[PDB]
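Atoms within a ligand are numbered from 1 in the order they appear, just like the ligands themselves. The analysis underlying the following values was restricted to heavy atoms, covering all of them including side chains, and did not include hydrogens, waters or symmetry mates. Heads up: numbering here begins at 1 and tracks the sequence.
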Amino acid sequence: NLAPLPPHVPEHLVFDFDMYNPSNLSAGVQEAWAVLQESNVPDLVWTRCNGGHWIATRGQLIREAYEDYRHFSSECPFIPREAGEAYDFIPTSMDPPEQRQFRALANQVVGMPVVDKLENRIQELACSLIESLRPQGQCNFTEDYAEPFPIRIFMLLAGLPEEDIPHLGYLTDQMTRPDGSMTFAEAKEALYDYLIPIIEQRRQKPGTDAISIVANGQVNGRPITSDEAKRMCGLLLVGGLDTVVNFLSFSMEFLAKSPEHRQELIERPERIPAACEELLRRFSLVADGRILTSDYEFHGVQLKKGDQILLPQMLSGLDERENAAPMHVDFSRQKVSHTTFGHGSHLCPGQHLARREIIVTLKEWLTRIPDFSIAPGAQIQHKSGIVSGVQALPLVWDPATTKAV
Ligand code: HEM
Ligand SMILES: CC1(C)[C@@H]2CC[C@@]1(C)C(=O)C2
Ligand SMILES: [K+]
Ligand SMILES: [K+]
């Protein structure tokens with residue numbers, strides 16, 4: 001459904017892209033977003049979908065906008081406006097200078113010290129999961145590996161019972177790829193409602209887990225509050241449950257379709273980190289945005305105070321003006337340009353955990369199950385949203401071609 005074009009928005013710039021159901025979805029979700037970068041399309045368009053908002057279609061604009069928090073505020077970062085307005089997660093709903101004291105804390109609970117401490121656990125789980133599936137000669141990758149591998153590590157990191165995963169994952173899905181069953185507002189409130197007693201408990205009896213660290217944390221050297229803690233913990237939950245999960249599925253689908261790429265990594269495993277970066281570019285999956293703080297002309301376009309602008313992190317790296325042949329996966333790409341983990345002061349702090357989980361997955365899978373394919377006839381469907389994803393991924397393989405390692 002199309003919202004009436006506001007008086008200030010030039011009609012020639014109208015491109016009715018729907019970020020939650022793009023027209024060319026069947027071609028692939030990155031492919032469907034890439035329609036915004038065909039030859040006839042401007043750098044900055046207005047869609048009347050989802051309440052009406054701007055979309056920057058090119059990496060140069062996306063980067064510039066994320067650097068300029070003065071004009072492009074985090075305070076309303078989701079589309080539609082209702083979701084953006086209800087979105088009060090910490091730190092991402094705050095701009096500098098206010099954001100900063102909270103980000104230091106959030107950066108602590110997922111940073112490299114934490115990851116290295118988890119390295120053994122991550123290793124064991126991946127190998128455990130994969131070795132289980134190996135003689136079976138088949139799996140649904142989304143539920144057999146893509147979900148349980150990162151989620152179990154996160155739940156472990158957070159100190160939360162795995163029993164809760166189906167609920168918490170439903171809530172997170174609705175915030176990024178809504179069913180229609182919940183508003184972002186509703187799902188956010190439910191996640192907050194879950195966390196409240198848990199935070200009170202961790203404050204009374206301080207522990208070593210991510211939630212204890214936040215809940216007992218200090219900001220600017222002063223006591224974080226219960227409300228502040230809730231707002232920060234909920235966001236970590238979203239990060240921990242709905243990013244790597246989805247990226248893993250884009251990567252494995254591709255690897256399942258590309259024997260030559262799998263061979264590359266089988267023969268020269270030392271390339272796996274590079275392959276990781278390139279997959280992060282090619283199958284980049286996040287797209288949120290900002291809200292105009294005041295009337296502002298940006299690349300010859302008059303933006304009005306209150307306007308929302310989608311600034312798709314996904315698109316920077318698929319921009320042919322950043323990467324030649326951007327839809328080709330080249331593990332030896334010399335300059336792998338992307339903004340997959342964001343750009344500007346909100347740049348992802350969990351990226352180290354993401355890379356670790358990615359590289360470990362690539363390394364343990366190809367070592368044990370080097371030869372696999374998509375189940376015959378399966379027509380893989382993607383889903384689009386704040387964070388895009390893969391609906392289902394049935395893999396098959398011959399057990400006789402595997403290695404117990
Ligand atoms: C492939 C995996 C991931 C991708 C592609 C990704 C992407 C992003 C992007 C694009 C942003 C910026 C959002 C904005 O500017 O509005 C962001 C921020 C953030 N991410 Fe990641 N993320 C991933 C994994 C994770 C994980 C595993 C965690 C935590 C366990 C996490 C936690 C966070 C947090 C807390 C922020 C907010 C930082 C701030 O606002 O200062 N992310 N991420
Ligand atoms: C857009 C994000 C990936 C980033 C971390 C989780 C997420 C959904 C947010 O709300 C901020
Ligand atoms: K107009
Ligand atoms: K808000």
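The K ion (ligand 4) has no N, O or S atom of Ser93 closer than 3.4 Å. Within the coordination shell of the K ion (ligand 4), defined by N, O or S atoms under 3.4 Å, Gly84 is present.
Residue contacts with ligand 1, taken as heavy atom pairs separated by less than 4.0 Å, do not involve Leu157 at all. Proximity of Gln99 to ligand 1, defined as any heavy-atom pair under 4.0 Å, is confined to the side chain (atoms from C-beta onward).
Counting non-hydrogen atoms of other residues, nucleotides and ligands closer than 6.0 Å to CD of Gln379 gives a total of 12 or fewer. Shown here is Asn120, whose CG atom has no more than 12 heavy atoms of other residues, nucleotides or ligands within 6.0 Å. Residue-environment remark: CD (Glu119) exceeds the threshold of 12 foreign heavy atoms within 6.0 Å.
Of the N or O atoms in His346, one or more lie within a sub-3.5 Å distance of an N or O in ligand 1. Of the N or O atoms in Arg290, one or more lie within a sub-3.5 Å distance of an N or O in ligand 1.
For the 3.5 Å distance criterion, the side chains of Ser332 and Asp330 qualify, holding a donor opposite an acceptor.
Residues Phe250 and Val29 have side chains in contact (heavy-atom distance under 4.5 Å, counting atoms from C-beta outward). Residues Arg290 and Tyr66 have side chains in contact (heavy-atom distance under 4.5 Å, counting atoms from C-beta outward).
For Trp54 and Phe298, the distance between ring centers is not under 6.0 angstrom. Taking the ring centroids of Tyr87 and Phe184, they lie under the 6.0 Å cut-off. Note: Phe141 and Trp365 meet the aromatic proximity criterion, with ring centroids under 6.0 Å apart.
Nearest protein heavy-atom contact of atom 16 (O) of ligand 1 is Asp288 OD2, 2.6 Å.
For atom 34 (C) of ligand 1, the choice among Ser284, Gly239, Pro349 with the nearest heavy atom turns out to be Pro349. Selection from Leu311, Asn107, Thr340 by nearest heavy atom to atom 5 (C) of ligand 1 gives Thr340. Nearest to atom 21 (Fe) of ligand 1 by heavy-atom distance, out of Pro77, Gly350, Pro96, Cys348, is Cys348. Of the listed residues (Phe89, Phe341, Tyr66), the one carrying the non-hydrogen atom nearest atom 6 (C) of ligand 1 is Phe341. Taking only non-hydrogen atoms, the option from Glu357, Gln313, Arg103, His343 nearest to atom 41 (O) of ligand 1 is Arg103. For atom 29 (C) of ligand 1, the nearest non-hydrogen atom from the set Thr92, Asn246, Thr243, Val110 comes from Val110.
Heavy atoms of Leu285 approach ligand 1 to within less than 4.0 angstrom.
Summarising the geometry of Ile213 relative to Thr208, their closest heavy-atom pair is CG1-O, 3.8 Å, with the distance given to 0.1 Å.
Under the 6.0 Å distance and 45° angle rule, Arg262 counts as a cation-pi partner of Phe372.
The number of protein N, O or S atoms lying under 3.4 Å from the K ion (ligand 3) is 3.
A salt bridge is defined here as a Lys NZ or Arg NE, NH1 or NH2 lying under 4.0 Å from an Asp or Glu carboxylate O, and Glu264 with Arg268 fails to meet this definition.
Every pair passing ring-ring contact (aromatic ring centres under 6.0 Å, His included) that includes a residue from residues 325-362 is listed here, sequence neighbours excluded: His261-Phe331.
Minimum-distance N/O/S atom of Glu85 relative to the K ion (ligand 4): O. For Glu75, the N, O or S atom closest to the K ion (ligand 4) goes by the atom name O.
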